[PDB]
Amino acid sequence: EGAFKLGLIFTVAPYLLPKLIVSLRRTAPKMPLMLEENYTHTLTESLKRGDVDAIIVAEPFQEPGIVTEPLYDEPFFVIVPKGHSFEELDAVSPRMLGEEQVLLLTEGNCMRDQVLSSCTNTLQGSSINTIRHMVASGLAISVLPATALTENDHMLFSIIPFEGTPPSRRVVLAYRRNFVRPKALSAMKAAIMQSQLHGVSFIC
C-alpha cells in the first residue's frame, strides 16, 4: 500500500500516535504513514486542499464538504505544584479555579477554548510540554487532557480530578466527503478505535 497522510492536532498527536502505530500494524500492515501535526485551522485548510488525507481534531468542528466520525471523549484533569492546597481535596475541582493562576495553551489550540468554556496577562504556554514543567516548578496550575498524563508523573506535580462530570473534549476523524480510499480510511478509524489509549471513553 501507499502512504496515508494523517494530520493530528498538537495536543493529541504525541500521545495517540505511539498506540496508533501499534494497532495500525494490525489493521494496515503495509500502509506507511505521512504525518503532520498542527493547529486545527491550518489542518482544516490542508485537508481541504487534499494535501492531507485525514485529520484528527476536536469538537466543535463543522466545515462544508467535510465528514467527521467520533473517536473518543477525553476528560480533563487539574494539575498543581507539589504542596498546592488542592492536594488535600479528593476530586474537588469545579470552578474553584477562578481564584487561581491558571496556565492556558496559546491561541490556535482548541484546548484554550474548551477549558475556558468549562469555567492579556493570562499566564499562557505554547504547549503541554512547557505548561506541565512550568507547573511542576511552582509557577502555577493548569488543566490537562487525560491522555497527556503519565502514570509516572506524580513525581512532578499532582493530578486533581474535577468532581462529578469532568470537562472533556471529543476527538474525531475529519475527512473529505469525496475522499476515494475507503479501505485506508476504514482501516484508519479501526486502528484508532482498537488503539487502547488510556484515560478515554471510546464512542461505540
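When you see a residue number, it is the position in the sequence shown, counting from 1.
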item	value
Gap size between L97 and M96, counted in deposited residues that the entry leaves unmodelled	none
Which of 30-38 and 161-169 has higher mean CA B factor, as the PDB entry lists it	161-169
Of 83-91 and 69-77, the one with larger mean CA B-factor	83-91
Position of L156 among the chain's modelled residues by C-alpha B-factor, lowest, middle or highest third	highest
Position of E63 among the chain's modelled residues by C-alpha B-factor, lowest, middle or highest third	highest
Third assignment of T44 from its chain's C-alpha B-factors	lowest
Chain third (lowest, middle, highest) by recorded CA B-factor, residue given as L17	lowest
Chain third (lowest, middle, highest) by recorded CA B-factor, residue given as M193	highest
